[PDB]
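Shown below, as structure tokens, is a lone chain in the form deposited in one PDB entry; questions about how it binds or moves come after it.
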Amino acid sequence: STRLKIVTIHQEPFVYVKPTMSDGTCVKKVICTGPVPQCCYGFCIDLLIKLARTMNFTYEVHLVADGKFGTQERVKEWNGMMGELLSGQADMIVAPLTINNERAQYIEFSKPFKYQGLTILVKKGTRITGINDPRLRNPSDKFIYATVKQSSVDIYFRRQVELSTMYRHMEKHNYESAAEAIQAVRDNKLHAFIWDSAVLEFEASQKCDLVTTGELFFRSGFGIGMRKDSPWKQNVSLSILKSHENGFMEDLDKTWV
């Protein structure tokens, strides 16, 4: 009876964000409204387009207002894309949204369309063993590392009292978006970026001045975000599982990642 409201976030290679030409138009491109009509495309956009026929539904894409993924902070409320899905501003989160415990308590994740994990991005020439490096375990303002504010990696470092200090040094250096933190490593004032490997190593393959280290120190996956009552969950998960088997998700991984 209505168009599905799709919330997305700027995160290459999954979702690119470009401005419309002077005509107002823009590979498969869909008009996305963000803080202004813009142009969005990439992994998660091709997957949304593949979902929209398999299920035969119309949609409208718009970027998240605050530019965040989603965490639960006390005033408890959800920010980022999580809050827009729970408040009604969104009917579906199509983005590299990480599946964890706290988010699943409120929303409904589909089966993971992307299996990956967490790694560390650094400027090529800087050497750290991994997540257990002494420059990260016992940190100092001589070696600056951080992650993205209001993200799943931020939740990961704060929900365990043992990682309380690795989190506090990041608590002062965290960035508003991944793109700011990645280029900050190139300008050599961010010494390490802890983010998902599906994004970090891919950008290390396009910018030969940064390198991912330590491989994966923790596994995580990406799933479609839906509310507890969305009557597409059964068919979204089946479409993702079918997309994994028919070698078609593998086509997107070679196309974008």
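When you see a residue number, it is the position in the sequence shown, counting from 1.
- According to the record, 4 to 9 deposited residues between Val75 and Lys76 are left without atomic coordinates.
- The entry shows a gap from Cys26 to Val27, with 10 or more unmodelled residues of the deposited sequence in between.
- Annotation for 241-249 versus 10-18: the higher mean temperature factor (C-alpha) is found in 10-18.
- Relative to one another, 219-227 and 198-206 have unequal mean CA B-factors, and 198-206 is the one with the higher figure.
- Within the listed group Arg158, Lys149, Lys111, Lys123, the record reports its top CA B-factor for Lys123.
- Within the selection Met166, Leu97, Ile107, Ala179, the deposited Cα B-factor values reach their highest point at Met166.
- For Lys189, the recorded CA B-factor ranks within the highest third of the chain. Only modelled residues enter the ranking.
- Sort the modelled residues of the chain by CA B factor and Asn79 lands in the middle third.
- When the modelled residues of the chain are ordered by C-alpha B-factor, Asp133 sits in the highest third.
- Among all modelled residues in its chain, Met55 ranks in the highest third by Cα B-factor.
- In this PDB entry, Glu171 carries a Cα temperature factor that places it within the highest third of its chain's modelled residues.
There is also a form deposited in another entry; it is not shown, and the following applies to it.
- Domain assignment between the shown form and the other one: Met82 and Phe113 are placed in one and the same rigid part, by better superposition fit of each C-alpha.
- Relative to this form, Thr213 and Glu250 approach one another in the other form, with their C-alpha atoms ending up at least 3 Å closer.
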